[PDB]
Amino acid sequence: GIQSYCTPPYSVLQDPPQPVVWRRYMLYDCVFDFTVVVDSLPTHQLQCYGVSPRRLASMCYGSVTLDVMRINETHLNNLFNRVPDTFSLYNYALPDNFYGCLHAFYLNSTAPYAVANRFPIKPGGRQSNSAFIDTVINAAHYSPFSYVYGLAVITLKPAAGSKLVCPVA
């Protein structure tokens, strides 16, 4: 039938959360403007797995997940090369057999960079203890600031019947 439009996360895109509190947005059974999280963004690095970047925003999917946070160059490079570090061990980790895209874009901002460096998370997981999270965010104030990129992790699910996420033209 006639699908609704998914609302793009403009607000979180103009101010990405600290990686310790990365945010997820789930897109399902809707029309979505992919340009907001791809073309319109000032791209620093776009890396895709299971799909080409030129094909990404042109087809439909079973579902689309957007994970948004900030990330500095070291952690970004380790993320791309799949090398373990504090970011992927304690803050945000790609799921097994990741199908989708990593989109890093310019924020032109060197700021407090709140990254957990203890208490391991599982892939696709997050820190859940609010007290500890608060200590990480607080500790960010008393540690070197980092020059930082925005990061949108786009997880794709293959189309399988009706109720899809389709791009706007």
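Residue numbers here begin at 1 and follow the sequence given.
**OP:** Averaging only over Cα atoms, indicate whether 10 to 18 or 144 to 152 has the higher B-factor in the PDB entry.
**Re:** 10 to 18 has the higher mean C-alpha B-factor.
**OP:** Please work out which of 73 to 81 and 86 to 94 has the higher mean CA B-factor as recorded in the PDB entry.
**Re:** Higher of the two, by average CA B-factor, is 73 to 81.
Original post:
Based on what the PDB entry reports, which of 138, 40, 117, 128 has the top C-alpha B-factor?
Top reply: Answer for 138, 40, 117, 128: 40, with the highest C-alpha B-factor.
Subject >> Options 102, 133, 59, 36 - largest CA temperature factor per the record >> reply: Across 102, 133, 59, 36, the entry lists the biggest C-alpha B-factor for 59.
**OP:** Determine, from the deposited record, the chain-internal third of the Cα B-factor for residue 66: lowest, middle or highest.
**Re:** Residue 66: CA B-factor falls in the lowest third of its chain.
Subject >> residue 121 - Cα temperature factor, lowest/middle/highest third of chain >> reply: For residue 121, the deposited C-alpha B-factor lands in the lowest third.
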